[PDB]
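Worksheet for the structure shown next.
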Amino acid sequence: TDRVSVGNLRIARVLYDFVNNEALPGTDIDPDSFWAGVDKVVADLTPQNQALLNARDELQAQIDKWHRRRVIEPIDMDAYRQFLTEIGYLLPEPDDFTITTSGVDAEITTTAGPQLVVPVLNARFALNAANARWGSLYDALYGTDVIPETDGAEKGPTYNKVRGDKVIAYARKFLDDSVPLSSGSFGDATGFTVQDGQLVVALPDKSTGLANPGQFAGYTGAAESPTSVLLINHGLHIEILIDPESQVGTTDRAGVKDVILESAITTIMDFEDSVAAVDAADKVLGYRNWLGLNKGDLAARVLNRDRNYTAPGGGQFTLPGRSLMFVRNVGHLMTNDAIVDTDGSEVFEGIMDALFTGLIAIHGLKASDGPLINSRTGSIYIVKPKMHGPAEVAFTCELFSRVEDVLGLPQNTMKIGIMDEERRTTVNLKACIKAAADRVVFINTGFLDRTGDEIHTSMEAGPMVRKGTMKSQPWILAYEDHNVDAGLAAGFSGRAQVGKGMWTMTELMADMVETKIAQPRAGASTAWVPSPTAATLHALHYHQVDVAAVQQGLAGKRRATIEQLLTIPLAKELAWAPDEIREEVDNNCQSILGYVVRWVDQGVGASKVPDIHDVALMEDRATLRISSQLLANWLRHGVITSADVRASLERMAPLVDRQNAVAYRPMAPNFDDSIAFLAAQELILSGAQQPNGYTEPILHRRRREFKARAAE
Ligand SMILES: O=C(O)[C@H]1CS[C@@H](c2ccncc2)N1
Ligand SMILES: [Mg+2]
């Protein structure tokens, strides 16, 4: 075949060559020694990996049975809790403790702000994200619906001056709210100057300084006629660009060209749910972009340099010009044929990701082409998705420890971001944090994945509420508060990120600005945004809310109970009319079809996908998990029939075809000839039997089938 023999392993040649020729050089790791370590690590840790996956199945089987032997009625929580305890699903909560994680960057320990997640397979999205640390507020305001597109202020072919003036006014108000002048409003300023190391803002009738002079960070150009002024508020920078000879400056009272906000402080380069990677060739494409980012030489457009400034008193300094990068590895479930053993068995993908993304991350720890690209404190930041409970966290930590050895890195170099997106983690969260107390740099929550696990876990209990309803259910609201509480009680404030979920509605920025503020108000030091534009707008929220103070106020509170976490989202008696049932079916079938068609046919794992009401959504694979589990749950409990599912699929497919009006090939009307349509159908009809409702086993198979057909 086309493989390389290393002990028990048969490595795909494309991968072997990539690692030898591109990833190993410059790391001073012995190539033979590295490969020996890969073989050694796979052999030692594969059996525990498999053991953990079987224990998931065993717990799920026992809960399915607990439900099936019970008839209607209200749950009875005390017995249900007792049962979860007896089977080892719910573990005892350990004594209070403080995380000890060290060598972590300021961007993570102290700075509160937006966090971007982008597919690592998309070199252009990755580059834009890396460069999104500093973003234009005027661009973000002019370009989105934050400034309403009403009469006179619509966006046209060229610059609309009514719209631009509303932009200017919006930004002036933000300045007044965030960096108050001792007297007057930024709205009336005529100029900015720096005298005696103090910012002087010229007004028509007088001059004035900042109410808090400490918020003056510095400037560029002459003190007496600066090109920009730099401010700071809640640890985030704001840059006022001054240029009377610009498109916009020429219309402005102080000649202000733009307001730049430090925006995406950190970015997660994703190998998991936003990318479709089903073989060695796909994984190498991903590893190669991760390498270019870390070497600082990726070009699809290039990576930004650091930003130079003059301190208030006259000296010089610099600020980071790039988002600090995490990588999200895949989780414990999937195997990938990038490496097989002598029996032909595929190796666990999570284990490989640990080895390869960690090897590659070494490059971001040293000089590019050219200070070093990423972590100056010596850490590698790995986000680990889809873990179930503290034994699985303990395993990932042991995995990172073994990889560190192989790579000659000091212990605990590899830091972990624990996603709280499975129920067994949620109800054992303190213990999960404790398992990683020397490695953890964040925890976070979300809607899509965790809800999928909620539905699957209690699949046998009865019919669940609609998808849109899930978002406001008692279990999920308790889930969110419980996550923050656990983090703060573990000492995360000043040490680690407490994060919340993605805003998926890419074009509804006015709505985002209005409602996403709830997240920092709830004490989240960070939350997920779908674009650099959204990062800039979400940065506004961190100027309005003092997250550090919020966290200090939540200190010691217990605002959710285990009971609340365990409140299954069962629908009540006769909750829906026939038309509401059909709408929900249509909604879920369209979300599956819309996503699956681009995934299976084009290997795209994220994009702006129009929903059934043609609202653009940027969701990852988790949208599949929830929609398919909901449909499967409704089929399981007689809410809908299989002919109902079929009819909806048949209706939604031509609608999706139209929404994709390119290399797109229509699903209709010959459905059984479309691999992606058959994939959509399978996810639903096999939903109940997929381990924890995971969609990867089916998706990866179908995509590999499509690729094989495409090679004939
Ligand atoms: O991990 C999760 O649960 C998901 C929920 S939305 C998703 C995502 C959406 C868009 N781009 C990247 C990632 N992250
Ligand atoms: Mg997820």
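Here's how to read the names in the structure tokens: chain A, B, ... by the order shown, residue numbers from 1 in each chain, ligand numbers from 1 in the order shown.
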Quiz item: In stretch 374-492 of chain A, what's strand (DSSP E) per DSSP? Answer as a ChimeraX atom specification?
Solution: /A:380-384,414-419,440-444
For the residues in the current selection, export C-alpha atoms as a PDB file, in the first residue's frame.
ATOM      1  CA  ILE A 380       0.120  25.356  24.135  1.00  0.00           C
ATOM      2  CA  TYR A 381      -3.644  25.854  24.365  1.00  0.00           C
ATOM      3  CA  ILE A 382      -5.833  22.897  23.408  1.00  0.00           C
ATOM      4  CA  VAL A 383      -9.632  22.974  23.517  1.00  0.00           C
ATOM      5  CA  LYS A 384     -10.983  19.475  24.122  1.00  0.00           C
ATOM      6  CA  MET A 414      -0.170  21.631  27.107  1.00  0.00           C
ATOM      7  CA  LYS A 415      -3.113  23.484  28.650  1.00  0.00           C
ATOM      8  CA  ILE A 416      -6.720  22.364  28.323  1.00  0.00           C
ATOM      9  CA  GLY A 417      -9.958  24.155  27.491  1.00  0.00           C
ATOM     10  CA  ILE A 418     -12.741  22.042  28.941  1.00  0.00           C
ATOM     11  CA  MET A 419     -15.939  22.281  26.967  1.00  0.00           C
ATOM     12  CA  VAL A 440      -7.179  24.175  32.811  1.00  0.00           C
ATOM     13  CA  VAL A 441      -7.287  27.588  31.144  1.00  0.00           C
ATOM     14  CA  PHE A 442     -10.989  27.672  30.322  1.00  0.00           C
ATOM     15  CA  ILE A 443     -14.441  26.253  30.626  1.00  0.00           C
ATOM     16  CA  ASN A 444     -17.368  27.094  28.419  1.00  0.00           C
TER      17      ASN A 444
END
Practice problem: Fewer than 5 positions away in the same chain doesn't count, so skip those; otherwise give me all residues within 12 Å of stretch 395-398 of chain A, counting only C-alpha atoms, as an NGL selection string. | Solution: :A and (41 or 44-53 or 329-332 or 350-351 or 353-355 or 382-390 or 403-405 or 411-418 or 432-440)
Quiz item: Counting only C-alpha atoms and all ligand atoms, which protein, DNA or RNA residues come within 10 Å of ligand 1, given as number ranges by chain?
Solution: A: 116-119, 268-270, 272-275, 328, 383-386, 419-422, 444-452, 500-506, 528-531, 605-608, 617-623, 625
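All residues of protein, DNA or RNA that reach within 12 Å of stretch 661-665 of chain A, judged by only C-alpha atoms and not counting those fewer than 3 positions away in the chain, are residues 594, 597, 598, 599, 600, 601, 602, 603, 604, 610, 653, 654, 655, 656, 657, 658, 668, 669, 670, 671, 673, 674, 675, 676 and 677 of chain A.
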For the selection you just gave me, I'd like the residues written to a file as a compact mmCIF listing (two decimals), in the first residue's frame, keeping C-alpha atoms.
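See part_21.txt below for the written result:
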# COMPACT_ATOMS: atom_id res chain seq x y z
CA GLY A 594 -28.84 22.61 4.39
CA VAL A 597 -25.38 18.94 1.51
CA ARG A 598 -22.32 21.26 1.77
CA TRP A 599 -20.60 18.88 4.20
CA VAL A 600 -20.99 15.69 2.18
CA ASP A 601 -20.67 17.19 -1.32
CA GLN A 602 -18.06 19.92 -0.78
CA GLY A 603 -16.31 19.04 2.48
CA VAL A 604 -17.43 22.33 4.04
CA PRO A 610 -29.82 30.11 5.28
CA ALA A 653 -34.74 19.48 -0.40
CA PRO A 654 -35.78 21.61 -3.41
CA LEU A 655 -35.92 24.64 -1.11
CA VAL A 656 -32.32 23.95 -0.05
CA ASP A 657 -31.43 23.43 -3.74
CA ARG A 658 -32.69 26.95 -4.44
CA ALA A 668 -33.97 16.82 -6.01
CA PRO A 669 -35.68 15.19 -7.61
CA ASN A 670 -33.68 12.01 -7.69
CA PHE A 671 -33.15 11.70 -3.95
CA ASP A 673 -29.05 9.18 -6.18
CA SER A 674 -27.90 11.97 -3.86
CA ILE A 675 -25.40 10.75 -1.22
CA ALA A 676 -26.07 13.88 0.90
CA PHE A 677 -29.83 13.40 0.86
Quiz item: What is the distance, in Å and to one decimal place, between atom CA of residue A:237 and atom CA of residue A:262?
Solution: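 Computed distance, atom CA of residue A:237 to atom CA of residue A:262, equals 5.3 Å.
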Self-check item: Among listed residues A:393, A:699, A:347, A:365, nearest residue A:595 (using only C-alpha atoms)
Solution: A:699
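Excluding residue A:242 and any residue on its chain fewer than 6 positions from it, the residues at most 9 Å away by only C-alpha atoms are residues 191, 192, 226, 227, 228, 229, 249, 254, 255, 256, 257 and 258 of chain A.
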Practice problem: Would you mind listing what lies within 9 Å of residue A:152 as a list in words, with only C-alpha atoms counted and same-chain residues fewer than 5 positions away left out? | Solution: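 Near residue A:152, the qualifying residues are residues 160, 162 and 163 of chain A.
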Exercise. Tell me which of A:60, A:695, A:590, A:102 sits closest to ligand 2, counting only C-alpha atoms and all ligand atoms.
Key: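 Nearest candidate to ligand 2 out of A:60, A:695, A:590, A:102: A:695.
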As a JSON list (two decimals) with N, CA and C atoms, in the first residue's frame, please: the residues near residue A:74 (cut-off 12 Å, only C-alpha atoms, same-chain neighbours under 6 positions excluded).
[["chain", "number", "residue", "atom", "x", "y", "z"],
["A", 67, "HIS", "N", -35.91, 4.37, 32.34],
["A", 67, "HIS", "CA", -37.11, 4.99, 31.76],
["A", 67, "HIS", "C", -38.15, 3.98, 31.25],
["A", 80, "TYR", "N", -34.40, 9.15, 40.98],
["A", 80, "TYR", "CA", -33.64, 9.32, 39.75],
["A", 80, "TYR", "C", -32.21, 9.71, 40.07],
["A", 461, "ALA", "N", -37.44, 8.72, 27.85],
["A", 461, "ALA", "CA", -38.36, 9.33, 28.82],
["A", 461, "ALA", "C", -39.72, 9.77, 28.22],
["A", 462, "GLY", "N", -39.69, 10.31, 27.01],
["A", 462, "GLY", "CA", -40.89, 10.75, 26.34],
["A", 462, "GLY", "C", -40.52, 11.86, 25.38],
["A", 567, "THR", "N", -33.50, 18.48, 35.45],
["A", 567, "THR", "CA", -34.89, 18.65, 35.00],
["A", 567, "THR", "C", -35.04, 18.37, 33.49],
["A", 568, "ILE", "N", -35.45, 17.15, 33.15],
["A", 568, "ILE", "CA", -35.61, 16.72, 31.76],
["A", 568, "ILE", "C", -36.65, 17.56, 30.99],
["A", 570, "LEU", "N", -39.11, 17.43, 29.01],
["A", 570, "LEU", "CA", -40.26, 16.72, 28.47],
["A", 570, "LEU", "C", -41.41, 17.67, 28.11],
["A", 571, "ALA", "N", -42.04, 17.44, 26.96],
["A", 571, "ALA", "CA", -43.22, 18.21, 26.58],
["A", 571, "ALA", "C", -44.40, 17.83, 27.47],
["A", 572, "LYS", "N", -45.29, 18.79, 27.71],
["A", 572, "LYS", "CA", -46.49, 18.58, 28.50],
["A", 572, "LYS", "C", -47.61, 18.05, 27.64]]
Quiz item: Can you list, as a ChimeraX atom specification, every residue of stretch 555-638 of chain A that DSSP puts in helix (DSSP H, G or I)?
Solution: /A:562-565,578-602,622-636
Exercise. Choose the residue, out of A:16, A:290, A:542, A:492, that has the smallest atom-to-atom separation from residue A:34; count only C-alpha atoms.
Key: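 Of the candidates, the smallest distance to residue A:34 is held by A:16.
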Quiz item: Restricting the calculation to only C-alpha atoms and all ligand atoms, which member of A:586, A:453, A:306, A:105 is positioned closest to ligand 2?
Solution: A:453
Quiz item: To one decimal place, how far is atom CA of residue A:705 from atom CA of residue A:54 in Å?
Solution: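 Taking atom CA of residue A:705 and atom CA of residue A:54, their separation equals 27.1 Å.
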Quiz item: Of the candidates A:312, A:358, A:114, A:523, which one gets nearest to residue A:213 if we count only C-alpha atoms?
Solution: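 Closest to residue A:213, using only C-alpha atoms: A:312.
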